[PDB]
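Counting with PDB author numbering, you get residues 4 to 296 for the letters of the sequence shown.
For each residue, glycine too, the CB sits at the ideal point set by N, CA and C.
Okay, structure first, notes after.
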Amino acid sequence: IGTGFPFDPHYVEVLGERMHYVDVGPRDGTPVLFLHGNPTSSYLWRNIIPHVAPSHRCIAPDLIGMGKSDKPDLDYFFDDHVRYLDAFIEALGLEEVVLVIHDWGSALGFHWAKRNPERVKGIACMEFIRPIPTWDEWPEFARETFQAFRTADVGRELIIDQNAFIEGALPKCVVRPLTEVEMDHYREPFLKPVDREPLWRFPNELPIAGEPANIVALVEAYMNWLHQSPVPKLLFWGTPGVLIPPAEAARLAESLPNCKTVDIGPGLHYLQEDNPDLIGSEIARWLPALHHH
Ligand SMILES: [Cl-]
């Protein structure tokens, strides 16, 4: 599994701030927009993009405050990310897209799709955010960790002062061991502790046990949309998974229209780090039949 990031930097000025993005592939078709989550960046897609780029443009932004993007001193609520990504997409003049989404990138992507359904030709998703209505529906192994993350004292100590999301949660949610070169790519945006604000606000935004109410309602709305949308869907899942365990992936295969599921084998949350070649090759194989209108 490759550790390098052989992608030239692109930047666009959005809402006073620069966002970095990968942009490769032909420009005369429907682009594939790759959206990472917490605490990652476009680096997460580095071994998936090469499968798709031969046939399609690949656009992979770094969310504001993350990756190589600028670091405004925001609260980094979900709504901040929505504003920046909405503006990013318009700045690039994107019309129709295919989405490839993960974690908070999936909340952003599904929220954008709900609001722009005529512009989404397909959604490839994995380990995505839906409401977690009670703490018992959160995976046991990660429950006391995320309960501690979601506090103003201990959560800030762990995530901001001690970098626990990068040094702890990220590698704990990859089955194979991450190498130190890979870890240094993930560490680089966050070398200075104060810059870790988005890494703390994100778990505090997760729709768990009814809280925060605004996000629970938003996420319920895009999931209602998704369950009734004919849009083609491609859902990758692993065992045991984290947000989408095997039995829930199977339920989604049945409850989501025009949904193809792909078993990637062992996986927790960052499935792209356990089996990027199957994810990339299956996305590439799925794109052509989405073209026709
Ligand atoms: Cl999170």
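> ligand 1: which residues have Cβ under 6 Å from any of its heavy atoms, chain order?
Replying inline: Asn41, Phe205, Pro206, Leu209
> Do you know whose CA, among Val101, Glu214, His105, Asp89, lies nearest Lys124's CA?
Replying inline: Indexing the sequence shown from 1 puts residue 124 at position 121. Nearest C-alpha to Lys124: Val101.
> Just how far apart, CA to CA, sit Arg122 and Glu98?
Replying inline: The residue you call residue 122 lines up with position 119 of the sequence shown. The residue you call residue 98 lines up with position 95 of the sequence shown. So the alpha carbons of these two residues sit roughly 6 Å apart.
> Between which two residues does the alpha helix (DSSP H) harbouring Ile286 extend?
Replying inline: Within the sequence shown, the letter at position 283 stands for residue 286. Where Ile286 is concerned, the enclosing alpha helix (DSSP H) stretches over 279–289.
> Which parts of the segment 144–228 are runs of the alpha helix (DSSP H), unbroken and 4 residues or longer, counting only runs that do not cross its ends?
Replying inline: 146–152, 183–190, 200–208
> What are the complete alpha helix (DSSP H) segments, minimum 4 residues, inside the segment 88–129?
Replying inline: 106–118
> Can the beta-carbon of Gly28 be found less than 8 Å from the beta-carbon of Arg60?
Replying inline: The residue labelled residue 28 in the question sits at position 25 within the sequence shown. The residue labelled residue 60 in the question sits at position 57 within the sequence shown. Cβ atoms of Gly28 and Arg60: closer than 8 Å.
> Would you report the Cα separation of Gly171 and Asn50, rounded to the nearest angstrom?
Replying inline: Numbered from 1 along the sequence shown, position 168 holds the residue referred to as residue 171. Numbered from 1 along the sequence shown, position 47 holds the residue referred to as residue 50. Whole-angstrom Cα-Cα distance: 22 Å.
> Taking just the CA atoms, how far does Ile4 sit from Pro279?
Replying inline: Taking the first residue of the sequence shown as 1, we reach residue 279 at position 276. Taking the first residue of the sequence shown as 1, we reach residue 4 at position 1. Distance between the alpha carbons of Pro279 and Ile4 is about 8 Å.
> For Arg86, does the three-state DSSP call read helix, strand or coil?
Replying inline: In the sequence shown, residue 86 corresponds to position 83, counting from 1. Reduced to three states, the DSSP call for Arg86 is helix.
> Roughly how many angstroms lie between the CA atoms of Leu238 and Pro248, to the nearest whole one?
Replying inline: Locating residue 238 in the sequence shown gives position 235, where the first residue counts as 1. Locating residue 248 in the sequence shown gives position 245, where the first residue counts as 1. Looking at the two C-alpha atoms, the distance is approximately 12 Å.
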